[PDB]
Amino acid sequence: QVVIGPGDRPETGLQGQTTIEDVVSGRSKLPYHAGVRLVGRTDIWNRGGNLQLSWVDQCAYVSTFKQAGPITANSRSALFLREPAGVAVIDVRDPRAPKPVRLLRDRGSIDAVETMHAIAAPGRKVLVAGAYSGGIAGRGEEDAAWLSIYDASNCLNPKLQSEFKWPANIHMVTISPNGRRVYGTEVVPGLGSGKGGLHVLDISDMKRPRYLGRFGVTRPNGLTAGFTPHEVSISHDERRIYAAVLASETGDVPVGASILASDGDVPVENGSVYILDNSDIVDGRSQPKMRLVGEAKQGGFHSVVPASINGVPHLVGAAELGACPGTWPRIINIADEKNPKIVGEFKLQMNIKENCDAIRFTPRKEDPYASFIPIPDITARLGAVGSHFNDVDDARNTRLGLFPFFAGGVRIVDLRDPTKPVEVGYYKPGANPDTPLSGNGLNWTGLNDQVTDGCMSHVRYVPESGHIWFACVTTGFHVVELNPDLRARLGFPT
């Protein structure tokens, strides 16, 4: 429950809503927030087009995504890939004043979109960024699925070690805890057919990457089939891979509407979460083998991450975006990994269909053009309110969900009762119109950059300071923190 206080600038409509009233008046261009305060912010050379966030030490890395389109060839998108496109390196040594220092514009980093990860490991700090658009069949080598691999030993100045070409389009990457392997998901072109897999690259020698292969899922029946995971997270000892999965080649997982549509509704499906035994790779066994340990149907197809709630291991998964009522995270008990169980969900008021209808300017039953000339309601011209990543504060001691909801901003959720997650705060960053990467009315995401903004990045929590890092599309990189009152109340130290 959000208890609104003196510092707060609360939502003026339904929970999760950007009101047309605020859009017309200009109010929507300023931030809305409850339970939090802003520590620092940078618009990253006022560039727009920001997507993913990764980090090493006190450095933030923020990717960009081109307006030309998610799988459009980079070779045809030169008009959209000039500076300031690229992975921005941000100095957060003073979180009051995060400062963009440089731009990484190599084959993988110039248009990384969601494909970027970094990790600090023993003797190794590594940032990788890949061409999200790369490797579509029939294109030239310039448009291949490049992965730029950087030594981030000095996080302010990552050094290109090599550029590897995947033999397929890779959608999202996750570096192993030891920093020696990159796991890259393949969702294209298979998509709903489930004909894809999980690729693994050995980067033990960062200058000589060694491809290990493309893995399907091996079930207790002894059979191996493709799947289309969007992202994976990895257990501390690398023996478990938690995958957010769109579909399985077995046909096991139902597939639904476009996450970027508006009517027809037609729900977007949640997909499935896989718990995968990865011990073969960890122990260097020949012909590995990712074995299905357990499955949570409806677990979330876009991102799944580990959590520990009151000492009980959990996962938080979600689909992404979607026309109202959108998509939202589910809380998954995995105390018995062979039998994961959804025990809770976090929904905003704008994730209830009755509410989507109620706010419409034109009731659907009154629209004679509904089939003949479909026209989205004016309320559908702002941006989806639904998940785009779904992180937690601390995998080892979870209290908070840190949930980007795209146009709904970042939602701060008390997860201490996994069966009943409740919002305790939020931050909607306002608007930043006319940036070079999000302007000119050329967006494809549905986000109205004229009047609002969306947050799409992974979220960091720094336990020693209580700081929370995230990026939003036009408004850039933010450091926020919980109000001291709310923080003390929630069980946090300091």
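Residues carry their position along the shown sequence, with the first being 1.
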{"item": "Comparing 100 to 108 with 261 to 269, the one whose average Cα B-factor in the PDB entry is higher", "value": "261 to 269"}
{"item": "Mean C-alpha temperature factor, higher of 307 to 315 and 124 to 132", "value": "307 to 315"}
{"item": "C-alpha B-factor winner, where the candidates are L486, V473, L14, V23", "value": "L486"}
{"item": "Third of the chain's Cα B-factor distribution that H230 belongs to, per the entry", "value": "lowest"}
{"item": "Third assignment of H388 from its chain's C-alpha B-factors", "value": "lowest"}
{"item": "Third of chain Cα B-factors occupied by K341", "value": "highest"}
{"item": "Lowest, middle or highest third - CA B-factor, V36", "value": "highest"}
{"item": "Ranked C-alpha temperature factor of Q58 among modelled chain residues, by third", "value": "highest"}
